[PDB]
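No lab work stands behind these numbers, since they all come straight from the coordinates. In this analysis, Cβ positions are derived from the backbone assuming ideal geometry, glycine residues included, and neighbour counts consider all displayed protein chains.
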Amino acid sequence: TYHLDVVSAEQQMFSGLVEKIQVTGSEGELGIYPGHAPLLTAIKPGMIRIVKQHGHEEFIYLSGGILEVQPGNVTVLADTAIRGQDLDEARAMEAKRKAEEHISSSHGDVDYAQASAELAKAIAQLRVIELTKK
Amino acid sequence: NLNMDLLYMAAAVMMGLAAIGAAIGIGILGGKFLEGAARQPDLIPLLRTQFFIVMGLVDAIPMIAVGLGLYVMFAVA
Amino acid sequence: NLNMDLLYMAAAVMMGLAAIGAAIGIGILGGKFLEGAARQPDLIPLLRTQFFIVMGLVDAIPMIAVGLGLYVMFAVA
Amino acid sequence: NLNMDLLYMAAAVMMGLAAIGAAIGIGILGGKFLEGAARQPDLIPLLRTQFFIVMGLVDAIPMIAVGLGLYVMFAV
Amino acid sequence: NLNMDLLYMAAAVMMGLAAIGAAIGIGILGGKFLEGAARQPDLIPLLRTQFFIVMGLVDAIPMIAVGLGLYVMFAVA
Amino acid sequence: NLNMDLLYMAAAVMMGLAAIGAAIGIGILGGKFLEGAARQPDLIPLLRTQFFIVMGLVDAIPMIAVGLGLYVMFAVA
Amino acid sequence: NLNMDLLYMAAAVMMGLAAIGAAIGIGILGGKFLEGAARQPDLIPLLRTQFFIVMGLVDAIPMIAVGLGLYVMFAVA
Amino acid sequence: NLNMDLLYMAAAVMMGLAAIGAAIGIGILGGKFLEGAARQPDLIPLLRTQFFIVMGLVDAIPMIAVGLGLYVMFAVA
Amino acid sequence: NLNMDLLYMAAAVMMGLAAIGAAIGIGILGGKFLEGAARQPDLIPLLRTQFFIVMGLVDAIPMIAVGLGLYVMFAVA
Amino acid sequence: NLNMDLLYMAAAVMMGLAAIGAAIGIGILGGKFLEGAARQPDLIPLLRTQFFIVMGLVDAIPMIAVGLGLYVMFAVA
Amino acid sequence: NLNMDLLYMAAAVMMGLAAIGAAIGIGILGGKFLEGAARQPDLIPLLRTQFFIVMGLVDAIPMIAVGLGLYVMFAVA
Amino acid sequence: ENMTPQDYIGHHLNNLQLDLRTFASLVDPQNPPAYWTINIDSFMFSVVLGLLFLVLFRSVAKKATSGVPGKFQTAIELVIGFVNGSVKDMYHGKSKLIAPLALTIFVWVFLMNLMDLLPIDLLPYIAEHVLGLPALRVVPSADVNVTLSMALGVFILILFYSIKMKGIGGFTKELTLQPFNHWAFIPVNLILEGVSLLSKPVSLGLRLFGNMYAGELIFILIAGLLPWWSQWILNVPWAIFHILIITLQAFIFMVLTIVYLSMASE
Amino acid sequence: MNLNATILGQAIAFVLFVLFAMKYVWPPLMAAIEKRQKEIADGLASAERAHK
Amino acid sequence: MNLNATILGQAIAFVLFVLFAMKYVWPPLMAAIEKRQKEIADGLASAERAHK
């Protein structure tokens, strides 16, 4: 079918043959399928699904990066990304606790520019941890 | 005879204009529905619920016109 | 008889214009609502609220037209 | 006499306006169907199913107009 | 004589066109309002004020036409 | 007499509206086909088959209009 | 009959077409106002002053029609 | 006599509506053809082939309208 | 008497069509003006100069139409 | 002999609808031509060739409309 | 009475439709011109030289309609 | 028995008008020009439904407990929270009037709309034969009286906050100076302000009126035109659709009232 | 046209409407009640454990 | 249509229902929500003070 690769900018996250995927994007989550388009750009905090031969999936956290999409062998360049069983529901719940504190502890636009990213990273973890249970 | 040949024109204009209005309104709305269903197929049922809600809004006034058209057709002649 | 006859057509034209105006306006507005719902699935309960906000104002004037058309056909006839 | 040619005129009005309605409605709807299918050629059957559904809605009012126009041309 | 129903026809055409104009203008304007609100959902209280501002300009002539139509419908006719 | 003078007018209006509707509908559909093809030409024959599939339903109603216009012009006369 | 009712009809035409023109023109202009205000939320004072500048010219030519229709209904007829 | 007045008017309505339809349809189709040609030159001949194929169907009904308008003008009246 | 009483209607048609044309043309033109002002805000005093360059060409025909309408009402009729 | 005065009206409708069609079609076509020139300024003498190839098809029907209307206005009337 | 009156009516419809045509066509064309100016400002003296060429064609056909309108009013009387 | 579709529609489009100049019942073919001719039926329905709103809300408000609420108390606190959230979205002042105003508008309009779901001939039949009254109709919110009465109260309330702090300060300053601080645009922008300001409440009235008036009309048309074996299949879908219509119209009348007053004060 | 017939037709229409409403509107009604109940209960139980 | 003295009677009725809701219905409602919120927030405070 097609080949996919993922890196966390200080770690390799995935490399191998794959059938289909589902990923986040420049504005929000998006249903991806093979053979549709030729161009590429950035990633908002989210996650990715990797369905391989015989129909076996895996679920990876994507904290931020860029996505190629166009090529047969595609790859995801992520400034930070964590494997689906390196992370856990407890870790995402800690992220929830952090983000819900920081929402109460952020009061200006300049600091909310960071608080919103922290919340987005937490929410991305909270969606990947639920998708991990499949 | 003289009286009736204008009443069907009145009904005709009512229903024609209402039909074009409703058709193109639902056209715009459902075109956005299919555009949205192209990004995330998983949300196709949720967006289908939203689509029928807003579509219920779209046809409101045209339905009034259509009802009076039926009234003229079967009571005023 | 023309006094009776012509107000059927007058009410007909009012209601046809009301139908087209309302239908197309709601079509455009709800289409933008649907695409917005498509990109951010989490904000549907918010965009729906603002959608009804704006829809009230969009349908303000078509309701004027359609109500007065009903008035013309049934009250003065 | 003067009656029947005006009935033909009224039938012309309904059925031409219905022509406009149905034609432009399906034009807009199928325009989004084709751009979405060009973006998603693997999902053509799914979007085509949706296209039948919303086709039913888009021509709901237009087919009411068209049927009643048939009653004005042929049923009187 | 026919002056009553001719005056109602004049007012009817004017008010129906007013309904067209107001409905579609507010439709376009509110569609852009919602497209802006989906993108920056924390700016709803600000965009929703600018919407007051320009919506007030949109309806001016249509509302004048509606008032004058009511004048012809009820004062003149 | 007056019959033929009005019947040519009736056929004219019906076929004129049919022409406008059919032409502009296919215009809208074909534009998106061409743009999508320019992005990726591998889909051109496929999308052109889809194009005929949809264009048939576009021409459904306007040829009812054209058939009845030709009937009025050459058979009712 | 023919003196007054035609003047009310002429004023109806003038001010109805003025309603269409003013409402839809300001709708198109204000849509871009709000899009710009969504892209540059620090520029709203600047863009709304530019919007006032353009708005004056958009409204100017319909206002002749509105005032002249008021002239026709209240001074001539 | 009474014939030619209305027969010329019928032909005029026919060809005027045809002139609207063909012009607008080819406008949309050619606009997308040109933005495709700007997007990918060196595919101009292929896209022009598709362009003529679609244009043939766009001009179908309007040319029937033009032919029968010429028939009414130069054969019936 | 009907001769000048319909000249008021003629001027109504003329300058109302001029009104809608001018309004919508300036609307589209100013919409592109504002989007340009949003993309390059340091560039407004140049693009506004171009806007006034081409707005005169837009209004060149509608202004003479409106002038002839005013002439028809006040001089002729 | 009343025959003349309808013939001027019949020429007027043809040339007015032809003006609308042949102006808006070339507007839509040349707008895309100008954006294509904005992206690729070194290709302008090629896109001019394509633009004059397509504009002659846009002006196929409208110039016949003008020709026959200008015929009706002078030769027949 | 009603020959000289209907001549003015014919000129009204002619020049009104011509005004719509010219205004809308140049509105679209100049909007695309301004977008091209916004994207590459130091390229304006070339795009404007292309604009006037295209604008000449756009108004060429409305302007003979306008000329015949003034001919109908002043020369034919 | 001279029943026809148009005669049936005529019976159903008539209120129970009582002329207070002689305190006599006005039969349908007998309509005077006088002002003091209060309509009994829809007015009675209106005040009865408003009293129903107040009675249910008082029978819970006199007892409401802070534990886990009962299954009836929970519905009333849900509508209370819905109104409170809608007001709190659109208002920042401290006046307590806005909230009960909105609550009464919402529930009263809702109940009056809800009357439109009933079979068109049930209560009018019982009025004609059991009691003897000449006519009856069941939807109060389908009246200009109800809708514009509520709208006119809202208009008074608009000028209330516009004339408090705004009235001594803003209203004067805004009308004279803003937007461009010119002598010639005071009259012009006053004209714009006048028509806009007066259309704000009247539009509330006519919006809600049009929806209920036409829904009652649709039920009447189905009952009058079609034979009994075919009425059902077209009557049911309209009722299903009209549930949505009535909910939205109650909501919108409430919402636009809140927005008007909020802009009047803030 | 018979008015008894119109009453009969209205009766059939009303019955069908009422059955439709009972089988599509009332089954999901109590969702908000459940939401408030569960939220309140979990919060209070966690607070109890916090005190101990 | 039938603009009637009913409109003025119903204006008085509108303000009377507003007054009845203003005096009796609305004032007694505010306290419960705040009490229930307070008894959940204090538990979070207690957990924080335990950890501290």
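Data table
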{"read-out": "Amide H within-cut-off set for A:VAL6, under 5 Å, with H built and near neighbours excluded", "value": "A:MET13, A:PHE14, A:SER15, A:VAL76"}
{"read-out": "Estimated translational D of region H:1-44 in µm²/s (Stokes, Kirkwood radius over Cα pairs; 10 °C; 1.306 mPa s)", "value": "122 µm²/s"}
{"read-out": "Acute angle (nearest 10 degrees) that the helix A:109-131 long axis makes with the longest principal axis of chain A, alpha-carbon atoms", "value": "50 degrees"}
{"read-out": "Residue among A:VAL76, A:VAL51, A:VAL110 with the largest mean-square fluctuation in a Gaussian network model of chain A, springs linking Cα atoms under 10 Å", "value": "A:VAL110"}
{"read-out": "³J(HN,Hα) computed for each position of region H:33-45 - Karplus, 6.51 cos²θ - 1.76 cosθ + 1.60, integer Hz, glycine/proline x", "value": "4, 6, 5, x, 5, 5, 5, 9, x, 6, 10, 3, x"}
{"read-out": "Axial C-alpha extent at least 30 Å, average Kyte-Doolittle at least -0.5 - helices from chain L (DSSP)", "value": "L:185-225, L:228-265"}
{"read-out": "Candidates A:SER26, A:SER105, A:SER116: whichever shows maximal mean-square fluctuation once chain A is modelled as a Gaussian network with Cα springs under 10 Å", "value": "A:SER105"}
{"read-out": "Order of G:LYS32, A:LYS44, M:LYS23 - criterion: other Cβ atoms within 10 Å of each residue's Cβ, fewest first", "value": "M:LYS23, A:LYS44, G:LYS32"}
{"read-out": "Anisotropy class of the protein assembly as shown from Cα gyration tensor, a/c 1.5 cut", "value": "oblate"}
{"read-out": "Selected from C:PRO41, H:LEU17, L:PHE110, residue furthest toward positive end of dipole (the protein assembly as shown; charges at beta carbon)", "value": "C:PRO41"}
{"read-out": "Estimated dipole of the protein assembly as shown in Debye, rounded to 20 [Cβ of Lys and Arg +1, of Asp and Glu -1, Cα centre]", "value": "2680 debye"}
{"read-out": "Relative counts (whole %) of C-alpha pair distances in chain A, using bins that are 10 Å wide", "value": "13, 42, 32, 11, 2, 0"}
{"read-out": "Cβ-Cβ FRET estimate between A:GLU130 and A:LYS52, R0 fixed at 25 Å, reported to 0.05", "value": "0.75"}
{"read-out": "More than 26 Å apart - percent of Cα-Cα pairs taken over chain L", "value": "54 percent"}
{"read-out": "Gaussian network model of chain I, springs between alpha carbon atoms under 10 Å - residue of I:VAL66, I:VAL13, I:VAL58 with greatest fluctuation", "value": "I:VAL13"}
{"read-out": "Sum of -39500 (n - 2.57) over DSSP H runs of 4+, divided by residues of the protein assembly as shown (222 nm, nearest 500)", "value": "-26000 deg cm²/dmol"}
{"read-out": "Nearest-20 debye value, region L:1-78 charge dipole, Cβ charges on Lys, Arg, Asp, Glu", "value": "700 debye"}
{"read-out": "Cα convex hull volume per residue for chain K (Å³)", "value": "69 Å³"}
{"read-out": "Angle in degrees between helix H:60-71 and the longest Cα principal axis of chain H, rounded to the nearest 10", "value": "30 degrees"}
{"read-out": "A:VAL23 long-range amide H proximity, modeled H, under 5 Å", "value": "A:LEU30, A:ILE32"}
{"read-out": "Mean separation of Cα contacts under 8 Å, 6 or more apart, over the residue count of region D:1-75: relative contact order %", "value": "54 percent"}
{"read-out": "Estimated vicinal HN-Hα couplings, Hz - region I:14-21 in sequence order (Karplus 6.51, -1.76, 1.60; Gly, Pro = x)", "value": "4, 7, x, 4, 4, 4, 5, x"}
{"read-out": "Using θ = phi - 60° and Karplus 6.51 cos²θ - 1.76 cosθ + 1.60, couplings along region M:18-33 (whole Hz; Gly, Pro as x)", "value": "5, 5, 4, 5, 5, 9, 10, 9, 6, x, x, 4, 6, 4, 5, 4"}
{"read-out": "Formal net charge of residues neighbouring L:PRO140 (Cβ-Cβ distance under 13 Å; K, R +1; D, E -1)", "value": "-3"}
{"read-out": "Amide H within-cut-off set for L:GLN17, under 5 Å, with H built and near neighbours excluded", "value": "L:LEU26, L:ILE40"}
{"read-out": "Percent RCO, i.e. relative contact order, over chain L, from Cα pairs under 8 Å lying at least 6 residues apart", "value": "28 percent"}
{"read-out": "Local net charge near I:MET9, Cβ-Cβ under 15 Å (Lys/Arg +1, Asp/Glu -1)", "value": "-3"}
{"read-out": "Partners for M:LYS38 among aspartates and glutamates (Cα-Cα distance below 20 Å; same-chain residues under 8 apart left out)", "value": "L:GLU77, M:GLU48, N:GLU34, N:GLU39, N:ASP42"}
{"read-out": "Summed side-chain charge close to M:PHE17 - residues other than M:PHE17 whose Cβ falls under 14 Å, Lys, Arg +1, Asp, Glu -1", "value": "0"}
